[PDB]
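For reference, the chains in residue letters:
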There are 2 protein chains.
Amino acid sequence: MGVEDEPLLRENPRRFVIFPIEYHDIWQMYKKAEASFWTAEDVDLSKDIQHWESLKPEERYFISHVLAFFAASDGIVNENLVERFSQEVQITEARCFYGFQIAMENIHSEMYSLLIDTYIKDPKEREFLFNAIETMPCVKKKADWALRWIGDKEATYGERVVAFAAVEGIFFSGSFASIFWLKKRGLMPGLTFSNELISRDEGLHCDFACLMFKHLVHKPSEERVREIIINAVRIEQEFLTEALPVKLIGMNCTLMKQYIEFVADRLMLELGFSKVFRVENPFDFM
Amino acid sequence: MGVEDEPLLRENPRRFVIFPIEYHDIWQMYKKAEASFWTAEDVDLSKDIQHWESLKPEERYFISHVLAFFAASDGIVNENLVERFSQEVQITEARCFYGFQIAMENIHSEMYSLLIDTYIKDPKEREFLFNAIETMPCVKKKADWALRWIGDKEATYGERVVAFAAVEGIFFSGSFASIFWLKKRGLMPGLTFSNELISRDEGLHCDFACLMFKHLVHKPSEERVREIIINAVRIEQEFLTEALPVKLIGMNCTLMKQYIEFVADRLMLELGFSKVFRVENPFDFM
Ligand SMILES: [Fe+3]
Ligand SMILES: [Mg+2]
Ligand SMILES: [Mg+2]
């Protein structure tokens, strides 16, 4: 107390000793992550260019901006893992998971950057996209929100792990759904396949957060979690209807907003709480 | 003055933005690490037990203690990366390398613990081996040496990178040579195959340390590096002739002492300095 009460956070003089395994549930999530290892080199982009060039200009605009958003957001997720989560959490099984997640986020960032470099040849446009945190007001709201949680010296691990589940689970959900929308339309095989890998990885990353949450003795209140989650949904709904509207690829904004809320409900439930919005999933492809 | 003149250590606002690549040499080491990913599940141990049982008791003793040394040492290397190297280096290319190295060290530790668990069924013996830092004086000397460098709040990154190149390159060299000796004897294909993968990884991790050292503006003196490396050599020579003699598995202790010195000379050359001992490689199998 405050921390010596928490098995996840209290002193572990065996932290760097791997065996024997004591947290089998945490360990199997690490093994699952490890078994699904992939690299950017595994994704075949050799046919994407033609698909890309036949798209409408606003579809290229929407896609390049989603890609720049993802590449930037990964670095912030990664920053949080490197400076905070992988440091403060003391159980070996979670250290292994977070170590592997960092490696996977670097793979995700590389993948998104290779996609950008494959589709966009103009060095000026590349740089504008790589520096999205500074150049794109739309991503600003999300980037700064996630970044505040890293700098917050007061928020408990229980709060901050919820916040990053919202980052990986809510802030990403609209963009993931957008790319799945394009798969329904049979466009860019490289993009849509990499998208399946990455959204799978992200879902596992969120599931892990919920597992860590469950193992906490002192959890934040349902009310506190509600307001982090609701807040995140609002930022996400705004990003997708105002900052970078999904109409640009032919999607119904209203249904998108509904999906974001369905996602947050599923996360609230996976966190041991009650639904906030009580809406259905409008997308049968998700 | 002090660190804002070190490209590797100074402020990098782009540290979590992956592209574009600027340090192509550092980045290619990461790509090489990434392309050689493997898991413990890749290694078949089923043909080892029969050989294990054929050995003399002193040989099983030697091998299990080598395994316990390696398992314990990995977690110290890992501790250093998590708490120091991966935090203090600011260039993206190297952060990617070190992030991947952490993951691989966890795979190394797992491999070593699986080897122990596969060969040794006795629960009391397993626990004695897993707690080698506390239970085995042979490994305390090496563990304490490495651990002192993590706790050293004064020594430069330049000194510390050399020190951990000595850990992964000198403190491991005699043990790696031991296992290659067993291969030459046709024994335990599971163990010796895992040893091929791990010594290769460790060689790469040492190469990376030299690459980083070369990118440093304020290097420590050849004198100071000689002091660190000669010290590591004597500890390692003590380890393999006195604390856990290599005679136990049929090896000549004098030729082994000479091998350590040859490994150190190669490291000194790789760091941009001069040989220390000027002795040849006694082992045709290394
Ligand atoms: Fe290593
Ligand atoms: Mg442990
Ligand atoms: Mg960078």
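- Judging from the entry metadata, X-ray crystallography is the method by which this structure was determined, and 2.25 Å is the reported resolution.

**A look at empty space enclosed by the protein**
Here's step 1: Inspection of every chain in the model, using the stated rule, returns 10 cavities of 30 Å³ or more.
Here's step 2: The calculated volume of the largest cavity comes to roughly 370 Å³.
Here's step 3: What lines the largest cavity is a set of 34 residues, and nearest its centre among them are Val82(A), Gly99(A), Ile102(A), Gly99(B) and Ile102(B).
Here's step 4: For the lining of the largest cavity, the elements supplying multiple residues, two or more each, are α3 (57-88) and α4 (92-119) of chain A together with α3 (57-88) and α4 (92-119) of chain B.

**Brief notes about the UniProt feature "active site" in chain A**
Residue and element names in this part refer to chain A.
Here's step 1: With numbering matched to this structure, UniProt assigns "active site" to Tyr112.
Here's step 2: Note on placement: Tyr112 falls in helix α4.
Here's step 3: The buried category is assigned to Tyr112, whose relative accessible area is 3%.
Here's step 4: Leaving out residues up to four positions away in the same chain, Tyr112 has contacts with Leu67, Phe70, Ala71, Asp74, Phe176 and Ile198.

**Concerning the coordination of the magnesium ion (ligand 2)**
Residue and element names in this part refer to chain A.
Here's step 1: Around the magnesium ion (ligand 2), the protein supplies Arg14 (O), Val17 (O) and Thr92 (OG1) as donor atoms, at distances of 2.4 to 2.6 Å.
Here's step 2: For the magnesium ion (ligand 2), the donor residues sit on a single chain with the sequence spacing R-x2-V-x74-T.
Here's step 3: Judged by relative accessible area, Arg14 falls into the partly exposed class, the value being 21%.
Here's step 4: For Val17, a relative accessible area of 18% gives the class buried.

**Notes on the packing of aromatic side chains**
All names here are of chain A.
Here's step 1: Counting across every chain of the model gives 54 aromatic pairs over all chains.
Here's step 2: Seen from their ring centres, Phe85 and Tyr157 are 5.1 Å apart, and the 75 degrees between their planes marks the pair as edge-to-face. In this pair, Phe85 sits in helix α3 while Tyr157 sits in helix α8 (residues 157-169), placing the two residues 72 residues apart along the sequence. Taken as a pair, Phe85 and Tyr157 share a single burial class, namely buried.

**A closer look at the interface of chain A and chain B**
Here's step 1: Listed by partner, the interface residues are 36 residues for chain A and 36 residues for chain B.
Here's step 2: The contact between chain A and chain B buries some 3,000 Å² in all, and 58% of this surface belongs to carbon and sulfur atoms.
Here's step 3: Where chain A packs against chain B, one counts eight salt bridges.
Here's step 4: A salt bridge links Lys31(B) to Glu41(A), with the nearest nitrogen and oxygen atoms 2.6 Å apart.
Here's step 5: Scanning the region where chain A abuts chain B turns up eight residue pairs in polar contact.
Here's step 6: Put simply, the parts of the chain that give the side of chain A that touches chain B at least two residues each are α1 (24-35), α3, α4 and α5 (123-130) of chain A.

**Overview of the UniProt feature "binding site: Fe cation 2" in chain A**
Residue and element names in this part refer to chain A.
Here's step 1: If you check UniProt for "binding site: Fe cation 2", the listed places come out as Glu105, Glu168, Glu202 and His205 in our numbering. These annotated residues cover 101 residues of sequence, but their C-alpha atoms sit close together, with the largest distance between any two at 11.0 Å.
Here's step 2: Here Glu105 is to be found in helix α4.
Here's step 3: What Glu105 contacts, discounting residues up to four positions off in sequence, is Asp74, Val77, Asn78, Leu81, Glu168, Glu202 and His205.
Here's step 4: Mapped onto the fold, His205 is located in helix α10 (residues 189-214).
Here's step 5: Among the polar contacts made by the side chain of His205, one reaches the side chain of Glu168 at a distance of 3.2 Å.

Parameters at a glance
- Residues numbered from 1 in each chain as written, not as in the entry; some residues may be left out.
- Chains lettered and ligands numbered in written order.
- Heavy atoms only, no water.
- 1 Å grid on protein atoms, 1.4 Å probe; cavity = no way out; pocket = protein on both sides within 12 Å on 5 of 7 lines; lining within 4 Å.
- Points joined across faces, edges and corners; volume = space filled by probe spheres on them.
- Helix = DSSP H or I, 4+ residues; strand = E, 2+ residues; numbered from the N terminus.
- UniProt positions renumbered as here; feature names shortened; annotations may be inferred.
- Buried < 20%, exposed > 50% of the residue type's maximum accessible area, 1.4 Å probe, protein only.
- Contact = heavy atoms within 4.5 Å.
- Donors = N, O, S within 2.8 Å, 3.2 Å for Na, K, Ca; no water.
- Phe/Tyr/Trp six-rings, centres within 6.5 Å; stacked < 30°, edge-to-face > 60°.
- Buried area = accessible area lost by both parts, 1.4 Å probe.
- Salt bridge = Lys/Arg side-chain N within 4 Å of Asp/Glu carboxyl O.
- Polar contact = N/O pair within 3.5 Å; in protein donor to acceptor, adjacent residues only side chain to side chain.

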